2 protein chains.
Amino acid sequence: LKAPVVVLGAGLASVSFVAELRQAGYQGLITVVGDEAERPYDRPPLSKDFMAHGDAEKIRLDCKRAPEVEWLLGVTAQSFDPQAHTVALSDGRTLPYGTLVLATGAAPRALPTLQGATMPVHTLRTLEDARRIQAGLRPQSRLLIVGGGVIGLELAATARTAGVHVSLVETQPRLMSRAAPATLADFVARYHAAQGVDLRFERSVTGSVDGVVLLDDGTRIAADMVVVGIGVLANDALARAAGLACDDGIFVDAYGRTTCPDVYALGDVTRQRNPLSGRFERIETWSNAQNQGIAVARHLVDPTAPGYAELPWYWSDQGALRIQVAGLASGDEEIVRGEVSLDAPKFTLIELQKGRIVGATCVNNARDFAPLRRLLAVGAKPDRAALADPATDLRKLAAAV
Amino acid sequence: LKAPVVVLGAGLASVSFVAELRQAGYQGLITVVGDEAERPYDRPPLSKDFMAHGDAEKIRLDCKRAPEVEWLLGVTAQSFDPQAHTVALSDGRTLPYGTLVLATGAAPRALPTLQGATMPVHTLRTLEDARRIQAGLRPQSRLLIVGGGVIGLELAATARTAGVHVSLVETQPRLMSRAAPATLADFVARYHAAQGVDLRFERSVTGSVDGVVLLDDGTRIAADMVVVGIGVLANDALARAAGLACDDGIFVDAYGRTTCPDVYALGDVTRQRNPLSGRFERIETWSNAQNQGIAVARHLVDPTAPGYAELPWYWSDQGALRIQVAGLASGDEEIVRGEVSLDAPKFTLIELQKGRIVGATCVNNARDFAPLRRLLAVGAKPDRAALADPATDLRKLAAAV
Ligand SMILES: Cc1cc2nc3c(=O)[nH]c(=O)nc-3n(C[C@H](O)[C@H](O)[C@H](O)COP(=O)(O)OP(=O)(O)OC[C@H]3O[C@@H](n4cnc5c(N)ncnc54)[C@H](O)[C@@H]3O)c2cc1C
Ligand SMILES: Cc1cc2nc3c(=O)[nH]c(=O)nc-3n(C[C@H](O)[C@H](O)[C@H](O)COP(=O)(O)OP(=O)(O)OC[C@H]3O[C@@H](n4cnc5c(N)ncnc54)[C@H](O)[C@@H]3O)c2cc1C
Ligand SMILES: Nc1ncnc2c1ncn2[C@@H]1O[C@H](COP(=O)(O)OP(=O)(O)OC[C@H]2O[C@H](O)[C@H](O)[C@@H]2O)[C@@H](O)[C@H]1O
Ligand SMILES: Nc1ncnc2c1ncn2[C@@H]1O[C@H](COP(=O)(O)OP(=O)(O)OC[C@H]2O[C@H](O)[C@H](O)[C@@H]2O)[C@@H](O)[C@H]1O
């Protein structure tokens with residue numbers, strides 16, 4: 001930790017990091033560069049309640065635990081020189097740094113086959129994006145969503161609630177293949193289909209002509225608007241240019257260190273060790289941005305502190321489904337607590353590997369999620385008969401560990 | 001570049017690195033720690049002429065361009081403390097360092113299904129390994145090789161030349177799936193089959209009982225000796241323990257930097273950017289160990305020097321086949337120069353992507369390999385009709401670029 005500190009990006013990872021720097025006792029300069037001209041804000045509401053109520057003043061991040069920070073909003077960091085220890089800004093200024101933190105997030109992947117489209121085609125990452133999409137959610141209009149991942153499905157539910165007709169094209173044979181157990185994804189598809197979403201599995205978009213999207217089975221889907229949610233790409237261009245190790249994401253260790261001295265990285269832009277798989281992955285979650293920002297700041301101020309150690313988890317709100325997912329999507333065994341039913345959906349899934357909990361899912365069952373995250377953290381090996389048995393309560397199981 | 005320099009590992013990457021340090025003009029201390037009690041030696045001969053003639057004094061590396069280096073042979077580095085800047089040795093000594101270089105290579109993967117075997121099962125990486133295997137190559141004995149990669153096939157050819165019966169089990173539908181064009185691998189299989197090797201594709205070993213190996217199709221193969229060549233795993237344990245970013249290999253940038261200040265890594269142990277794919281990969285070649293060692297040393301002595309930039313290539317000697325392979329195994333087009341024939345095999349393959357050369361193969365055609373590596377390096381886009389046409393000579397094509 002050398003002053004001054006400069007952070008590039010003003011999203012959750014950045015705000016969480018700089019708040020922790022202050023709270024841990026660092027009193028030197030902190031400057032944050034954010035390319036969006038927006039008071040820092042949280043993204044999860046964008047495909048959820050914001051989409052419904054439209055009040056951006058309900059989604060702002062709390063920067064009050066980060067006193068004495070200069071936020072340069074609406075400014076783009078164009079490059080940095082890690083020898084000179086400087087950052088070049090789009091407004092023509094240069095910032096010096098002792099420690100540089102890259103917290104620049106990720107951007108939606110574009111669909112190459114719609115690049116020449118003559119119909120609206122949007123992606124959803126920013127407040128500007130959400131406002132643009134929401135304005136097009138005219139009741140009785142037709143929306144096509146490309147991609148059956150979390151953003152696509154949250155938008156699908158939002159659009160159906162709004163009275164919009166929804167079709168959805170997914171290249172895989174299932175939804176949410178990235179980070180969800182098969183049992184969850186099968187149920188989720190039954191849910192969306194029951195709510196009127198026209199799901200097209202094992203299909204791809206091949207092009208579009210005069211307001212109509214073309215598919216690889218030689219068929220057509222007419223739509224008024226297309227939203228593409230086919231994943232993200234790390235915003236790692238400054239790091240690539242400056243000579244850091246990166247591959248769709250900046251490689252970092254548990255201290256947040258890049259391969260370049262005095263340069264760190266946090267949040268969606270990083271590729272990092274998942275302790276449960278033991279492999280490097282991009283972890284594209286809200287809880288990672290917050291918790292990794294906090295851990296890296298803490299260790300910078302106090303090098304005796306441990307490196308980042310938290311295990312991954314996320315949630316998704318898709319209409320009537322409040323989905324929570326921790327750890328790995330599969331092991332060698334799955335245990336199902338409750339009935340999997342479209343009538344008052346409520347269940348929990350537990351993934352085991354040789355008797356040890358490696359992942360858990362809760363659908364409309366928030367009470368079970370915290371105990372299971374604690375069992376997961378210690379790699380508990382509970383009685384499998386007990387885990388299934390509905391009589392068992394999980395909180396007491398966790399507390400006994 | 002802070003003195004003293006300590007390198008862990010005494011293989012090609014280490015010798016190449018320390019020779020370049022001296023030649024570039026660094027005059028400070030250099031100490032090399034090597035766990036093998038052997039004068040530093042090259043590995044490619046081990047499955048080639050050494051296997052045939054057995055003289056280790058023909059395979060030693062030249063350490064004379066590395067004057068004033070203390071080589072601690074037969075010593076294992078057990079850990080390093082990157083805060084204290086020290087390395088703990090198996091003989092109870094500690095070394096201080098200004099710059100630490102991890103050049104510890106990779107180890108053969110074991111076969112889990114033969115772990116309890118009661119018959120000889122060997123892998124081939126070291127001089128000790130090669131000596132042990134060679135002693136078992138009794139004429140008219142039966143060898144089973146597990147793995148249809150380069151080491152397995154070079155051993156297969158060696159063993160057939162020695163009068164040994166060879167069977168070979170490969171899980172994939174083809175040989176050399178890791179880094180060879182399909183056209184090459186199809187030919188190579190025809191060659192080995194013609195030389196008497198019993199090839200078993202899309203099979204795995206499930207176990208062994210009383211001298212007989214069991215397969216996943218429910219069948220059996222009797223053998224006197226098993227050699228396992230199913231790939232390697234990076235020797236990255238010290239880096240993992242010390243908190244560096246690693247995932248079956250230490251992540252490094254083009255300067256050789258790890259995520260830990262003052263610690264670098266080189267050779268088989270690294271995961272690095274392949275400039276042709278733009279992805280991070282372990283590059284497990286002789287030319288990488290040498291050229292990456294040289295580039296990293298050069299840039300340490302002279303920070304104005306460019307980072308490592310060479311494109312990948314290797315060769316394999318399999319009986320009558322002198323195979324050379326550069327760049328990517330495939331693109332969107334392959335061009336075949338010459339006839340692919342078991343009678344006096346001699347041909348070249350050229351892989352293109354949108355007209356640009358991205359890879360090349362020469363079989364018994366060394367004269368063409370250097371010109372093609374030069375065309376590849378600049379991403380030439382030669383006349384495809386000309387590349388095919390036998391009248392064209394490639395050296396002049398390269399020189400014109
Ligand atoms: C619609 C949507 C729904 C989501 N729902 C959930 C959810 O329910 N649960 C969950 O766990 N996760 C959810 N997420 C993911 C979560 O929001 C992200 O993991 C989190 O935003 C990552 O934070 P970050 O700080 O790393 O990156 P970001 O939030 O992307 O912030 C990075 C900022 O840096 C800026 N930047 C980039 N380059 C430069 C530059 N050169 N100069 C200046 N600034 C730059 C970017 O424009 C951006 O403003 C959702 C995301 C979206 C978009
Ligand atoms: C049989 C065989 C055939 C090959 N044929 C070819 C070929 O024809 N063409 C080609 O391009 N490539 C070939 N290769 C690959 C090539 O030899 C390697 O790419 C090269 O050896 C990598 O060099 P290196 O210095 O990175 O690692 P290594 O040669 O593995 O050297 C690393 C050294 O560090 C030692 N070490 C590990 N941990 C410690 C520790 N804690 N303390 C001290 N020492 C440690 C290791 O034991 C080893 O001696 C072949 C390899 C083998 C084994
Ligand atoms: N060309 C394509 N056509 C159709 N579907 C595609 C295509 N390419 C990928 N897909 C599918 O799109 C889906 C993308 O899912 P996610 O990776 O969850 O991506 P997205 O929903 O865009 O969200 C990106 C990120 O932001 C949120 O934090 C979200 O949790 C995710 O981490 C996957 O099911 C994938 O199979
Ligand atoms: N369980 C298995 N059973 C049978 N075959 C397997 C199995 N697992 C992997 N294989 C096959 O084994 C082969 C291993 O090939 P390489 O990766 O070339 O590994 P190996 O020949 O052991 O050599 C390791 C390294 O040393 C040399 O430098 C060589 O070039 C290579 O880089 C591949 O064709 C792969 O499909």
# chains A, B, ... in the order shown; residues from 1 in each chain; ligands from 1
$ residues_around --residues "segment 76-89 of chain A" --least-positions-apart "2" --cutoff "12 Å" --atoms "only C-alpha atoms" --output "compact mmCIF listing (two decimals) with N, CA and C atoms, in the first residue's frame"
# COMPACT_ATOMS: atom_id res chain seq x y z
N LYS A 2 1.04 1.83 -1.20
CA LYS A 2 1.65 3.12 -1.43
C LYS A 2 0.58 4.12 -1.87
N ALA A 3 0.60 5.32 -1.31
CA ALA A 3 -0.32 6.40 -1.71
C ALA A 3 0.32 7.14 -2.89
N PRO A 4 -0.48 7.84 -3.73
CA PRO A 4 -1.94 7.87 -3.71
C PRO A 4 -2.57 6.64 -4.35
N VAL A 5 -3.80 6.34 -3.96
CA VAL A 5 -4.54 5.22 -4.54
C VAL A 5 -5.45 5.75 -5.66
N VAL A 6 -5.38 5.10 -6.81
CA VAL A 6 -6.30 5.41 -7.92
C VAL A 6 -7.06 4.14 -8.30
N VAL A 7 -8.38 4.24 -8.37
CA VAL A 7 -9.22 3.11 -8.82
C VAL A 7 -9.90 3.45 -10.15
N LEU A 8 -9.86 2.51 -11.10
CA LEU A 8 -10.47 2.69 -12.41
C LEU A 8 -11.71 1.84 -12.45
N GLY A 9 -12.84 2.52 -12.57
CA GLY A 9 -14.18 1.94 -12.46
C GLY A 9 -14.83 2.42 -11.17
N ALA A 10 -16.13 2.73 -11.25
CA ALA A 10 -16.91 3.21 -10.11
C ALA A 10 -18.14 2.38 -9.90
N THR A 31 -8.59 8.45 -5.39
CA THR A 31 -9.32 9.02 -6.53
C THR A 31 -9.93 7.88 -7.35
N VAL A 32 -11.21 8.01 -7.70
CA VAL A 32 -11.94 6.98 -8.46
C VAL A 32 -12.32 7.59 -9.83
N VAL A 33 -12.00 6.86 -10.89
CA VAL A 33 -12.34 7.27 -12.24
C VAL A 33 -13.50 6.38 -12.79
N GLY A 34 -14.66 6.97 -13.09
CA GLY A 34 -15.80 6.18 -13.60
C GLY A 34 -16.31 6.73 -14.92
N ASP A 35 -16.44 5.88 -15.94
CA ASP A 35 -16.75 6.40 -17.28
C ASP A 35 -18.20 6.75 -17.42
N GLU A 36 -19.03 6.12 -16.63
CA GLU A 36 -20.46 6.52 -16.62
C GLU A 36 -20.66 7.83 -15.86
N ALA A 37 -21.39 8.78 -16.45
CA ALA A 37 -21.79 9.99 -15.74
C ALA A 37 -23.04 9.73 -14.88
N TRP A 71 -14.49 11.38 -6.80
CA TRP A 71 -15.07 10.53 -7.86
C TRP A 71 -15.10 11.34 -9.13
N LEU A 72 -14.34 10.93 -10.13
CA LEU A 72 -14.31 11.63 -11.42
C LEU A 72 -15.31 10.89 -12.32
N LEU A 73 -16.59 11.26 -12.24
CA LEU A 73 -17.61 10.58 -13.03
C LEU A 73 -17.65 11.12 -14.46
N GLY A 74 -18.07 10.29 -15.41
CA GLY A 74 -18.15 10.70 -16.81
C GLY A 74 -16.78 10.81 -17.45
N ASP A 91 -10.34 13.40 -20.34
CA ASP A 91 -10.49 14.87 -20.29
C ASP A 91 -9.17 15.60 -20.39
N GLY A 92 -8.11 14.84 -20.66
CA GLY A 92 -6.77 15.37 -20.88
C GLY A 92 -5.92 15.52 -19.64
N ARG A 93 -6.45 15.15 -18.47
CA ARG A 93 -5.64 15.17 -17.24
C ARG A 93 -4.88 13.83 -17.05
N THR A 94 -3.86 13.86 -16.20
CA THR A 94 -3.11 12.67 -15.84
C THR A 94 -3.15 12.52 -14.33
N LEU A 95 -3.35 11.30 -13.84
CA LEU A 95 -3.25 11.06 -12.41
C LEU A 95 -2.01 10.24 -12.08
N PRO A 96 -1.27 10.66 -11.04
CA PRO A 96 -0.21 9.83 -10.46
C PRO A 96 -0.81 8.78 -9.53
N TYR A 97 -0.13 7.64 -9.40
CA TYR A 97 -0.55 6.65 -8.42
C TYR A 97 0.62 6.00 -7.72
N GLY A 98 0.39 5.63 -6.46
CA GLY A 98 1.25 4.69 -5.74
C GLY A 98 0.72 3.28 -5.91
N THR A 99 -0.59 3.12 -5.79
CA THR A 99 -1.28 1.84 -6.03
C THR A 99 -2.42 2.05 -7.00
N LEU A 100 -2.49 1.23 -8.04
CA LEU A 100 -3.58 1.33 -9.05
C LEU A 100 -4.43 0.10 -8.92
N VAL A 101 -5.75 0.30 -8.96
CA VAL A 101 -6.71 -0.79 -8.82
C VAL A 101 -7.63 -0.77 -10.04
N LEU A 102 -7.64 -1.89 -10.76
CA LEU A 102 -8.47 -2.00 -11.97
C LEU A 102 -9.77 -2.72 -11.60
N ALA A 103 -10.88 -1.99 -11.67
CA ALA A 103 -12.16 -2.51 -11.23
C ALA A 103 -13.18 -2.12 -12.32
N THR A 104 -12.86 -2.47 -13.57
CA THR A 104 -13.57 -1.94 -14.75
C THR A 104 -14.71 -2.88 -15.24
N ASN A 235 -13.71 -6.19 -19.24
CA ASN A 235 -13.19 -4.90 -19.69
C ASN A 235 -11.72 -4.77 -19.31
N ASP A 236 -10.89 -5.57 -19.98
CA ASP A 236 -9.47 -5.71 -19.56
C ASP A 236 -8.52 -5.04 -20.56
N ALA A 237 -9.04 -4.14 -21.41
CA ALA A 237 -8.19 -3.58 -22.46
C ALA A 237 -7.00 -2.77 -21.93
N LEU A 238 -7.19 -1.99 -20.86
CA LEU A 238 -6.07 -1.20 -20.33
C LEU A 238 -4.97 -2.10 -19.78
N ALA A 239 -5.37 -3.17 -19.11
CA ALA A 239 -4.43 -4.13 -18.58
C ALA A 239 -3.67 -4.85 -19.71
N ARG A 240 -4.38 -5.25 -20.77
CA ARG A 240 -3.74 -5.90 -21.94
C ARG A 240 -2.69 -5.00 -22.56
N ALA A 241 -3.07 -3.74 -22.74
CA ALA A 241 -2.19 -2.74 -23.34
C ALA A 241 -0.94 -2.46 -22.49
N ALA A 242 -1.07 -2.57 -21.18
CA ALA A 242 0.00 -2.24 -20.26
C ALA A 242 0.91 -3.43 -19.95
N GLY A 243 0.55 -4.60 -20.47
CA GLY A 243 1.43 -5.75 -20.44
C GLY A 243 1.11 -6.72 -19.30
N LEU A 244 -0.09 -6.60 -18.70
CA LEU A 244 -0.52 -7.54 -17.62
C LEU A 244 -1.01 -8.85 -18.21
N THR A 258 -2.16 -8.30 -9.74
CA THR A 258 -1.91 -8.65 -11.13
C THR A 258 -0.42 -9.02 -11.33
N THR A 259 -0.01 -9.30 -12.56
CA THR A 259 1.41 -9.63 -12.79
C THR A 259 2.26 -8.38 -12.82
N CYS A 260 1.62 -7.21 -12.78
CA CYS A 260 2.33 -5.92 -12.78
C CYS A 260 2.44 -5.34 -11.36
N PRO A 261 3.70 -5.13 -10.85
CA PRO A 261 3.87 -4.49 -9.55
C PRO A 261 3.04 -3.20 -9.38
N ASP A 262 2.44 -3.10 -8.20
CA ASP A 262 1.62 -1.94 -7.76
C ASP A 262 0.27 -1.81 -8.46
N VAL A 263 -0.09 -2.83 -9.24
CA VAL A 263 -1.40 -2.84 -9.91
C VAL A 263 -2.17 -4.06 -9.45
N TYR A 264 -3.40 -3.79 -9.01
CA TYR A 264 -4.34 -4.76 -8.48
C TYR A 264 -5.58 -4.78 -9.35
N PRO B 303 15.54 -3.62 -19.54
CA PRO B 303 14.09 -3.44 -19.56
C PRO B 303 13.54 -2.72 -20.80
N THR B 304 14.41 -2.21 -21.68
CA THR B 304 13.92 -1.64 -22.94
C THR B 304 13.60 -2.74 -23.97
$ select_by_dssp --residues "segment 98-291 of chain A" --states "strand (DSSP E or B)" --output "PyMOL selection string"
chain A and resi 99-102+106-108+121-122+142-146+165-170+198-201+205-209+212-215+220-222+225-228+232-234+246+250-251+257+263-265+270-274+279-281
$ closest_residue --among "A:270, A:290, A:158, A:208" --to "chain B" --atoms "only C-alpha atoms"
A:270
$ interface_residues --of "chain A" --to "chain B" --cutoff "9 Å" --atoms "only C-alpha atoms" --output "list in words"
residues 243, 244, 245, 246, 247, 248, 251, 252, 253, 254, 255, 256, 257, 258, 259, 260, 261, 262, 272, 273, 278, 279, 280 and 307 of chain A
$ write_last_selection --atoms "C-alpha atoms" --output "PDB file, in the first residue's frame"
ATOM      1  CA  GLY A 243       1.430  -5.752 -20.441  1.00  0.00           C
ATOM      2  CA  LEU A 244      -0.522  -7.536 -17.624  1.00  0.00           C
ATOM      3  CA  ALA A 245      -1.461 -11.227 -17.889  1.00  0.00           C
ATOM      4  CA  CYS A 246      -5.056 -11.434 -19.092  1.00  0.00           C
ATOM      5  CA  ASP A 247      -7.326 -13.766 -21.033  1.00  0.00           C
ATOM      6  CA  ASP A 248     -10.890 -12.414 -21.103  1.00  0.00           C
ATOM      7  CA  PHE A 251      -5.470 -12.871 -13.686  1.00  0.00           C
ATOM      8  CA  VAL A 252      -5.205 -12.122  -9.952  1.00  0.00           C
ATOM      9  CA  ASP A 253      -4.095 -13.987  -6.831  1.00  0.00           C
ATOM     10  CA  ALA A 254      -5.979 -13.957  -3.458  1.00  0.00           C
ATOM     11  CA  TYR A 255      -4.433 -10.535  -2.644  1.00  0.00           C
ATOM     12  CA  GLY A 256      -5.801  -8.988  -5.793  1.00  0.00           C
ATOM     13  CA  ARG A 257      -2.334  -8.705  -7.366  1.00  0.00           C
ATOM     14  CA  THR A 258      -1.913  -8.651 -11.128  1.00  0.00           C
ATOM     15  CA  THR A 259       1.408  -9.635 -12.785  1.00  0.00           C
ATOM     16  CA  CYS A 260       2.329  -5.918 -12.785  1.00  0.00           C
ATOM     17  CA  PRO A 261       3.868  -4.489  -9.548  1.00  0.00           C
ATOM     18  CA  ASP A 262       1.620  -1.938  -7.762  1.00  0.00           C
ATOM     19  CA  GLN A 272      -9.394 -15.831 -10.004  1.00  0.00           C
ATOM     20  CA  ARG A 273      -9.206 -19.132  -8.115  1.00  0.00           C
ATOM     21  CA  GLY A 278      -9.524 -25.217  -7.596  1.00  0.00           C
ATOM     22  CA  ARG A 279      -9.623 -23.661 -11.083  1.00  0.00           C
ATOM     23  CA  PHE A 280      -9.314 -20.072 -12.305  1.00  0.00           C
ATOM     24  CA  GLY A 307      -6.300 -13.209   1.214  1.00  0.00           C
TER      25      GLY A 307
END
$ residues_around --residues "residue 330 of chain B" --least-positions-apart "2" --cutoff "7 Å" --atoms "only C-alpha atoms" --output "list in words"
residues 181, 328, 332 and 351 of chain B
$ closest_residue --among "A:43, A:384, A:58, A:373" --to "residue 398 of chain A" --atoms "only C-alpha atoms"
A:373
$ residues_around --residues "residue 19 of chain A" --least-positions-apart "5" --cutoff "8 Å" --atoms "only C-alpha atoms" --output "ChimeraX atom specification"
/A:63-67
$ select_by_dssp --residues "segment 99-236 of chain A" --states "helix (DSSP H, G or I)" --output "ChimeraX atom specification"
/A:112-114,127-134,150-161,182-194
$ write_last_selection --atoms "N, CA, C and O atoms" --output "short mmCIF file (atom, residue, chain, number, x, y, z; two decimals), in the first residue's frame"
data_model
loop_
_atom_site.label_atom_id
_atom_site.label_comp_id
_atom_site.auth_asym_id
_atom_site.auth_seq_id
_atom_site.Cartn_x
_atom_site.Cartn_y
_atom_site.Cartn_z
N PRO A 112 -22.82 -11.48 -33.32
CA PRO A 112 -22.24 -11.12 -34.62
C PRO A 112 -23.30 -11.16 -35.74
O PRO A 112 -23.27 -10.31 -36.65
N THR A 113 -24.24 -12.11 -35.65
CA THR A 113 -25.23 -12.32 -36.72
C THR A 113 -26.29 -11.21 -36.79
O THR A 113 -27.00 -11.11 -37.78
N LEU A 114 -26.36 -10.36 -35.76
CA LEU A 114 -27.29 -9.21 -35.79
C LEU A 114 -26.58 -7.87 -35.91
O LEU A 114 -27.21 -6.81 -35.72
N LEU A 127 -27.59 1.55 -16.52
CA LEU A 127 -28.82 2.30 -16.28
C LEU A 127 -29.38 2.85 -17.59
O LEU A 127 -30.59 2.77 -17.83
N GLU A 128 -28.50 3.39 -18.44
CA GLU A 128 -28.88 3.87 -19.78
C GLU A 128 -29.54 2.74 -20.58
O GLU A 128 -30.60 2.93 -21.21
N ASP A 129 -28.91 1.56 -20.57
CA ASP A 129 -29.47 0.37 -21.24
C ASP A 129 -30.86 0.04 -20.72
O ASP A 129 -31.80 -0.25 -21.51
N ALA A 130 -31.02 0.03 -19.39
CA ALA A 130 -32.29 -0.40 -18.77
C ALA A 130 -33.39 0.59 -19.12
O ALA A 130 -34.52 0.18 -19.42
N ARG A 131 -33.07 1.87 -19.05
CA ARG A 131 -34.02 2.91 -19.45
C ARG A 131 -34.46 2.71 -20.92
O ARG A 131 -35.64 2.88 -21.26
N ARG A 132 -33.50 2.39 -21.80
CA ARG A 132 -33.78 2.26 -23.25
C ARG A 132 -34.72 1.05 -23.51
O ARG A 132 -35.68 1.14 -24.28
N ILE A 133 -34.45 -0.05 -22.81
CA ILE A 133 -35.24 -1.28 -22.91
C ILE A 133 -36.63 -1.10 -22.33
O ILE A 133 -37.65 -1.42 -22.97
N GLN A 134 -36.69 -0.54 -21.13
CA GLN A 134 -37.96 -0.32 -20.46
C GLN A 134 -38.89 0.50 -21.35
O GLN A 134 -40.10 0.25 -21.40
N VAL A 150 -29.30 -15.70 -16.79
CA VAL A 150 -30.04 -15.02 -15.73
C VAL A 150 -30.67 -13.70 -16.21
O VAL A 150 -31.82 -13.45 -15.92
N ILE A 151 -29.93 -12.88 -16.96
CA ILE A 151 -30.46 -11.57 -17.42
C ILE A 151 -31.61 -11.78 -18.38
O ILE A 151 -32.62 -11.12 -18.26
N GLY A 152 -31.45 -12.72 -19.30
CA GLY A 152 -32.50 -13.03 -20.27
C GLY A 152 -33.78 -13.48 -19.57
O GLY A 152 -34.86 -13.03 -19.92
N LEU A 153 -33.65 -14.34 -18.56
CA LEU A 153 -34.82 -14.86 -17.86
C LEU A 153 -35.46 -13.85 -16.92
O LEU A 153 -36.69 -13.85 -16.76
N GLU A 154 -34.64 -13.03 -16.25
CA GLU A 154 -35.21 -11.94 -15.44
C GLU A 154 -35.95 -10.95 -16.33
O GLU A 154 -37.04 -10.48 -15.98
N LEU A 155 -35.36 -10.63 -17.48
CA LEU A 155 -36.09 -9.77 -18.43
C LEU A 155 -37.34 -10.45 -18.96
O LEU A 155 -38.39 -9.79 -19.10
N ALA A 156 -37.26 -11.75 -19.24
CA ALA A 156 -38.45 -12.47 -19.73
C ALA A 156 -39.62 -12.32 -18.73
O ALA A 156 -40.76 -11.99 -19.12
N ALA A 157 -39.35 -12.56 -17.45
CA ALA A 157 -40.37 -12.42 -16.41
C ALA A 157 -40.90 -10.99 -16.26
O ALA A 157 -42.12 -10.77 -16.15
N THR A 158 -39.99 -10.02 -16.27
CA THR A 158 -40.39 -8.62 -16.27
C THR A 158 -41.29 -8.25 -17.45
O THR A 158 -42.28 -7.54 -17.29
N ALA A 159 -40.91 -8.69 -18.63
CA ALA A 159 -41.67 -8.37 -19.83
C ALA A 159 -43.04 -9.04 -19.80
O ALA A 159 -44.04 -8.39 -20.12
N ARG A 160 -43.12 -10.30 -19.36
CA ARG A 160 -44.44 -10.93 -19.24
C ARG A 160 -45.32 -10.20 -18.24
O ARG A 160 -46.52 -10.01 -18.49
N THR A 161 -44.75 -9.79 -17.11
CA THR A 161 -45.51 -9.02 -16.09
C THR A 161 -46.04 -7.72 -16.69
O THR A 161 -47.18 -7.30 -16.40
N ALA A 182 -28.76 -28.86 -13.07
CA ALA A 182 -29.74 -29.26 -14.09
C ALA A 182 -31.20 -29.30 -13.55
O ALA A 182 -32.13 -28.89 -14.24
N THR A 183 -31.38 -29.83 -12.35
CA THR A 183 -32.71 -29.92 -11.74
C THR A 183 -33.36 -28.53 -11.64
O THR A 183 -34.55 -28.37 -11.96
N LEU A 184 -32.58 -27.53 -11.19
CA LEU A 184 -33.06 -26.13 -11.17
C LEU A 184 -33.42 -25.63 -12.58
O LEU A 184 -34.50 -25.07 -12.78
N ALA A 185 -32.53 -25.83 -13.54
CA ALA A 185 -32.75 -25.30 -14.88
C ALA A 185 -33.98 -25.94 -15.54
O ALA A 185 -34.73 -25.26 -16.24
N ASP A 186 -34.20 -27.25 -15.33
CA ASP A 186 -35.40 -27.91 -15.87
C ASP A 186 -36.67 -27.28 -15.32
O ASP A 186 -37.58 -26.98 -16.08
N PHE A 187 -36.68 -27.04 -14.00
CA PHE A 187 -37.83 -26.44 -13.33
C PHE A 187 -38.09 -25.01 -13.82
O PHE A 187 -39.23 -24.61 -14.14
N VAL A 188 -37.00 -24.25 -13.89
CA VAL A 188 -37.08 -22.86 -14.34
C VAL A 188 -37.69 -22.75 -15.73
O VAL A 188 -38.50 -21.87 -15.97
N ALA A 189 -37.33 -23.67 -16.62
CA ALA A 189 -37.94 -23.71 -17.97
C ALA A 189 -39.43 -24.03 -17.93
O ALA A 189 -40.20 -23.46 -18.70
N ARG A 190 -39.84 -24.97 -17.07
CA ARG A 190 -41.25 -25.29 -16.89
C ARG A 190 -42.02 -24.09 -16.40
O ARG A 190 -43.14 -23.84 -16.87
N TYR A 191 -41.41 -23.34 -15.48
CA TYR A 191 -42.00 -22.10 -14.95
C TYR A 191 -42.23 -21.04 -16.01
O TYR A 191 -43.34 -20.53 -16.17
N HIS A 192 -41.19 -20.73 -16.77
CA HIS A 192 -41.31 -19.67 -17.79
C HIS A 192 -42.28 -20.05 -18.92
O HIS A 192 -43.07 -19.21 -19.39
N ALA A 193 -42.25 -21.31 -19.32
CA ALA A 193 -43.21 -21.83 -20.31
C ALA A 193 -44.64 -21.72 -19.80
O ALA A 193 -45.51 -21.30 -20.56
N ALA A 194 -44.87 -22.08 -18.53
CA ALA A 194 -46.17 -21.92 -17.90
C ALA A 194 -46.64 -20.46 -17.85
O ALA A 194 -47.86 -20.22 -17.83
#
$ closest_atom_pairs --of "chain B" --to "ligand 4" --cutoff "6 Å" --atoms "only C-alpha atoms and all ligand atoms" --output "Markdown table"
| residue | atom | partner | partner_atom_place_in_ligand_line | distance |
| --- | --- | --- | --- | --- |
| B:146 | CA | ligand 4 | 4 (C) | 4.9 |
| B:147 | CA | ligand 4 | 12 (O) | 3.5 |
| B:148 | CA | ligand 4 | 34 (O) | 4.4 |
| B:149 | CA | ligand 4 | 15 (O) | 3.2 |
| B:150 | CA | ligand 4 | 21 (O) | 4.2 |
| B:151 | CA | ligand 4 | 21 (O) | 3.8 |
| B:152 | CA | ligand 4 | 21 (O) | 5.2 |
| B:169 | CA | ligand 4 | 4 (C) | 5.4 |
| B:170 | CA | ligand 4 | 5 (N) | 4.0 |
| B:171 | CA | ligand 4 | 5 (N) | 4.5 |
| B:172 | CA | ligand 4 | 36 (O) | 5.0 |
| B:175 | CA | ligand 4 | 34 (O) | 5.2 |
| B:176 | CA | ligand 4 | 34 (O) | 4.6 |
| B:177 | CA | ligand 4 | 34 (O) | 5.2 |
| B:178 | CA | ligand 4 | 17 (O) | 5.7 |
| B:204 | CA | ligand 4 | 3 (N) | 4.9 |
| B:229 | CA | ligand 4 | 22 (O) | 3.4 |
| B:230 | CA | ligand 4 | 12 (O) | 3.7 |
| B:231 | CA | ligand 4 | 19 (O) | 3.4 |
| B:232 | CA | ligand 4 | 24 (C) | 5.1 |
| B:284 | CA | ligand 4 | 32 (O) | 4.6 |
| B:285 | CA | ligand 4 | 28 (O) | 5.6 |
